[PDB]
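So basically every Cβ, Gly included, is an ideal-geometry build from the backbone, and we count neighbours across all protein chains shown. Here, each number is a calculation from the coordinates, and none is a lab measurement.
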Amino acid sequence: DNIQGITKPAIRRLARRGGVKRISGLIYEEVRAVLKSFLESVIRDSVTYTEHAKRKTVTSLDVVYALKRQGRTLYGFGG
DNA sequence: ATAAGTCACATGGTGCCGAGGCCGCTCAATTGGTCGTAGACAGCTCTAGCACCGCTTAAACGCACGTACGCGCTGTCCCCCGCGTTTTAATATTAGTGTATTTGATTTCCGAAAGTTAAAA
């Protein structure tokens, strides 16, 4: 629906940051696959956090929290 | 001439206006003091260590050597992209409503604490 919004030139630019200088196609659609997996996992964690807080605004507190839970502590925004 | 009197003078004092000078109330967390209990300890004994020999022959290392194997080789297939181009959708602006959070006053909630005792190798 909008995973295509993460588009092939955009992931090309990501891969320029990655240091590549040749990239085939199917790389692209599966980069969308891995991004889907990452987003849904962390989103589920933050969602569970807020809904246990009986709130309905998943919040950066719960996002940095879900990230630390996933094992990677994004860092700079409180936390 | 002088007691009465008017008069102006001279000083009194009373009233109001800032204003710079002390003061009053509160909350931080210190430190003062004090109970009661973790902590280090006080004789201690015995654990599994870790040597300390004293064997054996099971691994193991080299001695040989051999296919397997690698590693660039090499025609060539192929694919990625560097752009060039049209698209194309990503800007990033307002917006009010529609809960989302939210912070008061409770107001029950419930388990830590204090008995009392069940159970327990």
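Quick look at the values:
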read-out	value
Matching residues, the stretch A:25-61, being over 17 Å from the mean Cα position of the chain (by Cα) and closer than 27 Å to A:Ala15 by Cβ	A:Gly25, A:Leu26, A:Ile27
Enumerated helices (runs of 4 or more DSSP H) restricted to the stretch A:1-74, each holding at least 1 residues that are polar (S, T, N, Q) and away from DNA strand B (no atom under 15 Å from the Cβ)	A:27-52, A:60-70
